[PDB]
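One chain comes next, on its own, written as structure tokens: the form deposited in one PDB entry.
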């Protein structure tokens, strides 16, 4: 770049003390501001599973107990009474759900965005992706990070170096450095004060930000594995709720869990014609004694059918379906009060960051993992067999996520052509005694035989949708490492660029699952 101007980064607001106390072994202790700021972060997690994790507890106390001037060094979490801090949190939670409004925050939120959210690079205006420096808080990763529960210390202007053009105005701030690095694209830089990792501020719509955001989705899905039981319990509790809006939302979430059905309002053309909760009409659903049948004919003339065996489903499932169908005509929409905002608000209250898209990524990724884990390594005899199994796993995820498609236009004859190719190769090598020739015919035979079986199996399904969007590429990198074969050949050049981040990423989480025996 030639010139680059921006207003730096927005630092978090200081913590506001509330005069709260805790009890340690019966002794009331008045919290200092930093003590209270940490006790408050812990309290905000009071209803999460993390505060029951002994590694999480020990890491938190490592930073917490250091603030007590030498006292309480051998205290454990069970000997601290946080109830005063919990009560403040619950009170603020109730107050936040009661102030239906003082909407002058939009002027203040918009004022920050206009001030810090835009950089001007070589005369052009560009949005900044991450201009807010996050406030201090408790560190968390995907579930097994060794530093989980440790405090992330507050970052100040002096820790931050800004990248600016030489003729740009130095924005207000006690910055630690202003560098004129025409070579590098980043806007601001600083070291994370817990992990030692370098933190960068990038323009929106850049390679670094999209790779980060792409990987973050699959990371949330991996984390979901730790919480899926609780999610399912809260979906069913929602179905039993007294509030009809809650029952309807919970039922849409039940359909995500059970059928991997999308919400129905996403506009992306890859899935816009597939079934979704909001496009279900009364005529698409039949409630029977032992099952619920779904039968949906889409715009593309694709008929999608699945059923749910009610034998071992909770009774509240049929109860809410009956409630929503009651009194409606066959052409009426079933889910008339649903959209992605309501669904993701419900899910997000169970697991922060959880959305329907993350949920379906977890589903598709688990299906692929479980399919491949069931294959004895001795059956994976070649690169072609490796690809074949990878694709059958992709197909299982496609059918699970309802990525049904109209058959390829000339599928009928192309199968005979693959059947012809198999036939012709079949005895082409039967009349060739040279083993160098009888070997390079054997190789294309199995490639053709596997490619034929695959071509029959994939006719009605678009595998690309889940391969591009819902299957964690770490599963296929791990499958490559587990078996020895070339997993990059599962992907187009385009998807290899999209998943460039997988090259550096650990696959221990998946590979340990394959290697269990």
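Residue numbers count along the first chain shown, from 1. Whichever C-alpha set is largest while still superposing within 1.5 Å between the two forms counts as the rigid core.
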Checklist line | Chain break class at residue 101/residue 102 - deposited residues not modelled | finding: 4 to 9
Next item on the list: May I ask you to compare 19-27 and 491-499 by their mean CA B factor in the entry and name the higher one?
Entry: 19-27
Check: Going by the B-factors listed in the PDB entry, is the mean over the C-alpha atoms higher for 506-514 or for 4-12?
Finding: 4-12
Check: From 380, 128, 374, 260, can you pick the one with the highest C-alpha B factor in the entry?
Finding: 128
Note to self: Among 223, 132, 253, 292, where is the Cα B factor highest in this entry?
What the structure shows: 132
Note to self: For the chain shown, is the CA B-factor of residue 472 in the lowest, middle or highest third of its modelled residues?
What the structure shows: lowest
Next item on the list: Just say lowest, middle or highest third for the CA B-factor of residue 454 relative to the other modelled residues in its chain.
Entry: middle
Checklist line | Within-chain third of residue 66 by Cα B-factor, per the entry | finding: middle
Checklist line | Entry-reported Cα temperature factor of residue 35, expressed as the chain third it lands in | finding: middle
Margin query: Ranking the modelled residues of this chain by C-alpha B-factor as given in the entry, is residue 46 in the lowest, middle or highest third?
Written below: highest
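Another form exists, deposited in another entry; not displayed. Remarks below refer to it.
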Notebook entry, point to check: Tell me, which of 424, 213, 124, 107 is the one whose C-alpha shifts by at least 2 Å between the shown form and the other one, with the rigid core superposed?
Noted result: 107
Item checked: C-alpha of residue 183 off by 2 Å or more between the shown form and the other one on rigid core -> no
Checklist line | Rigid core fit then residue 197 CA moved by 2 Å or more between the shown form and the other one | finding: no
Notebook entry, point to check: Core-aligned, is the CA shift for residue 94 between the shown form and the other one 2 angstroms or more?
Noted result: yes
